[PDB]
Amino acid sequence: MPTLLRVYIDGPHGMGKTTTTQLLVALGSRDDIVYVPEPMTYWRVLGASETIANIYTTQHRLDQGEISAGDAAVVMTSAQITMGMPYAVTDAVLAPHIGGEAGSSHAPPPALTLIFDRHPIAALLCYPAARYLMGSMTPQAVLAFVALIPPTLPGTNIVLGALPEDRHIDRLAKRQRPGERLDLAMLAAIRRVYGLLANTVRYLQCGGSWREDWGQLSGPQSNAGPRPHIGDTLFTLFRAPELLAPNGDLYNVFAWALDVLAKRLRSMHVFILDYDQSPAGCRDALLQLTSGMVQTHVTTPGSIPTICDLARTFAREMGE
């Protein structure tokens, strides 16, 4: 069975994620690598009307006190369902085609390389959590999303981004999505979330156990480094009043959500790309990065062409 390399390019928007990807795809042959692009069209029309505009407009009004927290929460939750839709369904139809791991460290080239614009967890965790830090969503809702995160397939290579705050602020200020607004508070939140995420993965892969270190709560990089403090991982966010019982402990329903969160991340292959350079540099940087990325076997000989058709149909329809 021919091998396959799936690479999800995630992280906070506005760092040059797309450009880095497009350039990388432009290097390979026409049909030895395929890009599953950002589904702007689904966010803008197919799924709903201008979802990005709706999201930022809501956060704005909430900040001005024109609407309540409850009002902003119901809108955000719904919008994040629409945002994650293309991500979630692509995975669902992709799963059966994914087999066991093959490996990168000394292993032949993949018959096909799949490059994704973001991973499901982006719309089901990272951004939902960032909105919680903005009082625009509830911890209960976010955890509800976490429990919906699909099982992590073998060889799930996720690439996050690194970029100085100022460089990121300037870069973001220039290029923004249709319907977006310039929110620095949101940028901080989303940046902090992806920082935690990275730590949470390393923490988990170092034998970390949130249940064992939970008491250490009261008052970044993956693939490398020592075991992080739990207060520096995603777990630290859910030390909220709404989730705590009289005895100060988490309700078991939310504790099980954290068990799912850990189960999902502990088997991912997270990498970090330094977006503080020229587009050409980034392309090459990501290129070296992909060398040591876990590949997997497919389940059928006719899986490869199927996935190519899948990726291209996706691009043709939901692509900008």
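Note that residue numbering follows the sequence shown and begins at 1.
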> Would you say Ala107 is missing from a third or more of the other compared entries?
Replying inline: yes
>> Tell me whether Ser136 is absent from the model in at least one third of the other entries compared, counting only those where the residues either side are present.
In response: no
>> Zero if continuous, otherwise a range: how many residues of the deposited sequence are missing coordinates between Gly219 and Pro220 (none, 1 to 3, 4 to 9, 10 or more)?
In response: 4 to 9
> Is the mean CA B factor in the deposited entry higher across 80 to 88 or across 94 to 102?
Replying inline: 94 to 102
> What stretch has the higher average Cα B-factor here, 150 to 158 or 172 to 180?
Replying inline: 172 to 180
> Looking at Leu133, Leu244, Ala122, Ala111, which has the biggest Cα B factor in the entry?
Replying inline: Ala111
>> By the CA temperature factor listed in this entry, which of these ranks top: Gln59, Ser267, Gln295, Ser29?
In response: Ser29
>> Can you tell me whether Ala107 has a C-alpha B-factor in the lowest, middle or highest third compared with the other modelled residues of the same chain?
In response: highest
> Lowest, middle or highest third: where is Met1 by Cα B-factor in its chain?
Replying inline: highest
> According to the PDB entry, is the CA B factor of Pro37 in the bottom, middle or top third of its chain, that is, lowest, middle or highest?
Replying inline: lowest
> Lowest, middle or highest third: where is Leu24 by Cα B-factor in its chain?
Replying inline: lowest
> Among the modelled residues of its chain, does the C-alpha B-factor of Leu287 lie in the lowest, middle or highest third?
Replying inline: lowest
